[PDB]
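Trainee:
Protein chains: 2
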Amino acid sequence: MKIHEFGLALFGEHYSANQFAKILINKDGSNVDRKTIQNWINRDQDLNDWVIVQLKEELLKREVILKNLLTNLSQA
Amino acid sequence: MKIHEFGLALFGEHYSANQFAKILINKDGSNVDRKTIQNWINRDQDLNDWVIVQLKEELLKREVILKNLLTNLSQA
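Which chain is which? The protein sequence lines are B and A, in order.
The first sequence: position 49 = 49 (PDB author numbering), numbered continuously.
The second sequence: position 5 = 5 (PDB author numbering), numbered continuously.
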């Protein structure tokens with residue numbers, strides 16, 4: 001898996017490595033570095049399981065928030 | 001209506017005005033300028049109807065992208 005499809009869903013077409021840096025956590029609790037994520041983009045790397053799990057939690061959290069908004073704004 | 005919930009749904013906790021400048025267009029088809037959106041965020045302005053619709057577009061397209069990626073990641 002690549003980060004690209006995650007970036008479209010969490011941040012849109014123009015997602016940055018910096019945008020992932022504010023939500024990505026290392027196993028020991030440190031922030032994941034913007035330059036590490038840039039390397040993922042630059043080398044089009046497959047992601048490790050820890051990051052996929054971390055990103056998959058964000059997607060399920062965002063789906064809840066997005067669904068509440070869509071409900072509150074239905075039928076303009 | 002305020003942009004804050006839209007920023008949460010579209011870009012998360014650390015959303016910026018520039019992320020909006022890249023998806024918002026003026027009626028004539030020109031881009032919306034970062035400093036107008038900075039004013040909306042900074043002073044918590046009420047949103048205009050033309051803006052609300054464009055953001056509603058964004059929410060609805062994202063659900064489709066986001067719900068689909070989740071079906072490709074179901075049951076780890």
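Where is the CB? At the ideal position from N, CA and C, for every residue including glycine.
Quickly, what does DSSP pair A/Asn31 with across the bridge? List them, please.
Mentor: Paired residue(s): A/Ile25.
Trainee: Report the rounded CA-to-CA distance for B/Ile25 versus A/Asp49, giving the unit in angstroms.
Mentor: For B/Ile25 and A/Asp49, the distance between alpha carbons rounds to 38 angstroms.
Trainee: Using 10 angstroms around the beta-carbon of A/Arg62, count the other beta-carbons present and answer buried if the total reaches 16, otherwise exposed.
Mentor: A/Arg62 should be labelled buried.
Trainee: Grouping DSSP H, G and I as helix and E and B as strand, with all else coil, what is B/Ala9?
Mentor: Three-state result, B/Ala9: helix.
Trainee: For B/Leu70, tell me which candidate among A/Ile65, A/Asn72, A/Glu57 has the shortest Cα-Cα distance.
Mentor: Checking every option, the nearest Cα to that of B/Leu70 belongs to A/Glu57.
Trainee: Whose C-alpha, out of B/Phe20, B/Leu8, B/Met1, is nearest the C-alpha of A/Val64?
Mentor: Answer by Cα proximity: B/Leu8.
Trainee: In the DSSP assignment, find the unbroken alpha helix (DSSP H) run with A/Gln75 in it and report its ends.
Mentor: That residue, A/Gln75, is in no alpha helix (DSSP H); it is neither H nor E in DSSP.
Trainee: For B/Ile65, name the three-state secondary structure that DSSP assigns.
Mentor: Here B/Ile65 sits in helix by DSSP.
Trainee: Can you find a C-beta in chain B that's less than 8 angstroms from the C-beta of residue 77 of chain A?
Mentor: In this structure chain A extends from 1 to 76, so residue 77 of chain A is not present and cannot be described.
Trainee: Residues of chain B with CB under 8 angstroms from A/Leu73, in chain order?
Mentor: Those within 8 angstroms of A/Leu73 in chain B are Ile52, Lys56, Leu59.
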